[PDB]
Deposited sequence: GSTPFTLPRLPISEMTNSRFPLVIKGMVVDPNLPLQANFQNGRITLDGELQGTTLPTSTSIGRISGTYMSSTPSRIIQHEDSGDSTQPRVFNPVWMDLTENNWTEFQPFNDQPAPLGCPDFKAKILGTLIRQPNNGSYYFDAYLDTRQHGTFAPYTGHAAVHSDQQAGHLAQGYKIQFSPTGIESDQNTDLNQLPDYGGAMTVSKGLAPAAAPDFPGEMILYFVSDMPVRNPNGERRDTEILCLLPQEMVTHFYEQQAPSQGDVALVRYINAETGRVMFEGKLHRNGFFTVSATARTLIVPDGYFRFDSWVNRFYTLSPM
């Protein structure tokens, strides 16, 4: 009677990143990527329990929303936001959720626009959200500021506004595998999705990869990838099906879309991430799909990739 667990029958090439609105360009396993992952977006259990700051669908990944504050709690001045969820429902600060759902889970100067909502006249202008700064990016406290030199005259106390990202600036310190300090100078622990980590020596996380759009001054080049543990279409699939997990870990096979050949197998863990048996950096082109084959015991040994 219980809903069987399944994966979406879609090639990875047709999926999108769960941490930024981008297509998946492939997968990577690498001993020089972080051995454990702590992302807060793209986190769901296999039986459909959202974790961290993860949205169920791609409504507003990377966005923050709220109402304009005329006072704090080229020259770029802060635009302060009394934060809401991106669907404009209330966000309770200092509670059991690190930030509103969909809030960026990386540290960067994020470029984008600030959108005045239709009730106050649809308009938008350029702004950035610098998630490296404790003073203006502490969303766990219920407030955050974007920065803009284009806001003059367009906002008044209480206006609904939403930040929509286009990309980042990237420098020598950019590392998108580090979480921001959601509480600013104040530590936060409650409601974080836990570390995803293999428990088999010889297994590594299989990450899904996208290219992050970058706009540095004068076009300075520092190309940057962004990883996630689950493409958003897998998050939505597990959320929608709510299939009970019926074993320690899910055995999955990656199937070539053209030939139907089994390319490799992996473990899909209940906490929502993939591991494979590998020792060296391996790049997987996304012209295949994952197929759930069976629930297996935690001591199952994967065929080496």
In sequence order, the deposited stretches missing their CA atoms are 74 to 88
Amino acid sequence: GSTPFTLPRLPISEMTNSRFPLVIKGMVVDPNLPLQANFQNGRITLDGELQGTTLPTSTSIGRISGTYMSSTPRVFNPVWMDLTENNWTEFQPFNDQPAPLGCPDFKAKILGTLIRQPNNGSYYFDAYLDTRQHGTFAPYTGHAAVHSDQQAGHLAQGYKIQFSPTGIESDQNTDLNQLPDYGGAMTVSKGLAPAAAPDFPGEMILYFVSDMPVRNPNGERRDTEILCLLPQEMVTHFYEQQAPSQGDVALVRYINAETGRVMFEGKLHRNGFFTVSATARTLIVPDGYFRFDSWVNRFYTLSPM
From here on, numbers count along this sequence of modelled residues.
Per the entry, higher mean C-alpha B factor between 95 to 103 and 76 to 84: 76 to 84
Hey, which bit's got the bigger mean C-alpha B factor in the entry, 230 to 238 or 122 to 130? 122 to 130
Can you pull the Cα B-factors for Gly184, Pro213, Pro165, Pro198 from the entry and say which is highest? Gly184
Which of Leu35, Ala280, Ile64, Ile44 ranks first by CA B-factor in the deposited coordinates: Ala280
Of the three thirds of its chain by CA temperature factor, lowest, middle or highest, which one includes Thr53? lowest
For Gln246, the third of its chain by CA B-factor is the middle
Taking the C-alpha B-factors as the PDB entry records them, is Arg253 in the lowest, middle or highest third of its chain? middle
Would you please rank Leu192 by its C-alpha temperature factor against the other modelled residues of its chain and give the third it falls in: lowest, middle or highest? middle
Sorting by Cα B-factor within the chain, modelled residues only, which third would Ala138 end up in: lowest, middle or highest? middle
